[PDB]
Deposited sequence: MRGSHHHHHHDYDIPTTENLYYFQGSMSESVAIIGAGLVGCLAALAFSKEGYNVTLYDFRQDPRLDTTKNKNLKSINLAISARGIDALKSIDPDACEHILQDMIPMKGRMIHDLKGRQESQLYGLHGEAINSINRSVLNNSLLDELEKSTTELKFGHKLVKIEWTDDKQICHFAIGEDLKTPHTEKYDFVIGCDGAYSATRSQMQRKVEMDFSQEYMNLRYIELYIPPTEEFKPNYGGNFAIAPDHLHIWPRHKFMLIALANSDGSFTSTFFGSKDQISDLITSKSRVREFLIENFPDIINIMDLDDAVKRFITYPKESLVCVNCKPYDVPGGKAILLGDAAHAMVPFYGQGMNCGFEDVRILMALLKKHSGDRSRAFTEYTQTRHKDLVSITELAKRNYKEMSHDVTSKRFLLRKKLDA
């Protein structure tokens, strides 16, 4: 007597949506074309989960959520590093490992009635007034579902299938921005004032704001920090023609990382950093009329890294949707319709504060404390 749902994509948002719909009693099947990540056979290593992200997770799986979330490191504020290495504490997010979080969600799903189908690529959907026929490559295969949830990322195959059934406003924009993953190792000895082998304070998000480029650092449980450099494709491509050019760039702009980061390794991470396509995506509506499908996460609204908070937004997507389904007593057609109306309102504002955040933190940086004169 239960309805079936296909959830396309077992990233962070797909796993959470599957937990939520299995909890609510739907017959959930969760698809991904990738292999089970938990086998020996990630856009970042540790990520920040916000209070709102945590609450979404809590609303959906209260039991698991504390087990899922207790290696996470609470951040009390941001620490701003200037060109002279001065650090300013600005008191207020929690640091958590991406792979660990994704795997824990998969583990919780295994305790559920959810069917996990890895190595299944959605290629086509036939939409009807009854069940939706999902075509997979696994070897073509079809399966029928009462409805479909697209959690399949910025390039959503689901979204493209939906566009055939509904008139969807849609935009994609490839941003100039690139990011490079850097690493700050644990210290040799335990540091009492920090509560671990941390080179710098682990209870702050560290930010080295510069003019249209930036370094950040976020603590990992083992004392290390996940660090990320952000800059334009042109700036980075201009730098990495020369190892010496990269090295001197880092020393000049981030002098207080020289002692805590392997600069020779950092240079190599710059030079050999892989091809990236950061794309921003928006669309309207998020649903196929009659409750037949809905888009959550990056599939609905891929946004700019750091200035936007995509995982947190996607987690909030799921919480909002479940509350609407409950408000409508399981009427998916009316719930999905209200979801697209109210979420789009939210997301224009979210995109609004993201750009404003870009403006104050990275565009408007000309002070002598933050911009070098040479």
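- Gaps between the deposited sequence and the modelled structure occur at positions 1-26, 68-72, 124-129, 176-180, 417-420.
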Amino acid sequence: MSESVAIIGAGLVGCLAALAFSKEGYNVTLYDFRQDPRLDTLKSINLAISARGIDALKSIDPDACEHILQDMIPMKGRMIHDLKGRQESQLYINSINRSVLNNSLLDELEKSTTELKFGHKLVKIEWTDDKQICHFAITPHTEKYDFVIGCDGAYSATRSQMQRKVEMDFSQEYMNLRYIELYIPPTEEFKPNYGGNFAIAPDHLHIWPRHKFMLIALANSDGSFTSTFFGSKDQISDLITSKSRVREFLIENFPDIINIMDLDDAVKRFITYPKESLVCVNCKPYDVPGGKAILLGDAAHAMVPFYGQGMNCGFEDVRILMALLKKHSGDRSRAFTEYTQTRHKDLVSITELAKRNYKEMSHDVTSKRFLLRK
From here on, numbers count along this sequence of modelled residues.
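Rigid core: the largest C-alpha set superposing within 1.5 Å between the two forms.
- Larger average C-alpha displacement in 5 other deposited structures of this protein, relative to the shown form after a rigid core fit, is seen for 270-278 when comparing 270-278 with 120-128.
- Take 140-148 and 97-105, fit the other structures onto the shown form by the rigid core, and average the C-alpha distances in 5 other deposited structures of this protein: the farther stretch is 140-148.
- Look at the mean CA B-factor for 311-319 and for 50-58 in the entry; the higher one is 50-58.
- With 352-360 and 8-16 compared on mean CA B-factor from the PDB entry, the stretch scoring higher is 352-360.
- Sorting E110, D82, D146, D256 by the CA temperature factor given in the entry leaves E110 at the top.
- Out of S221, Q161, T226, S232, it is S221 whose C-alpha atom has the highest B-factor in the PDB entry.
- Ranked against the other modelled residues of its chain, the C-alpha B-factor of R343 as given in the entry falls in the middle third.
- The entry lists a Cα temperature factor for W208 that places it in the lowest third of the chain's modelled residues.
- In the deposited entry, the Cα temperature factor of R334 sits in the bottom third of values across the chain's modelled residues.
- Among the modelled residues of its chain, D238 has a C-alpha B-factor that falls in the highest third, as given in the PDB entry.
- In this PDB entry, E188 carries a Cα temperature factor that places it within the highest third of its chain's modelled residues.
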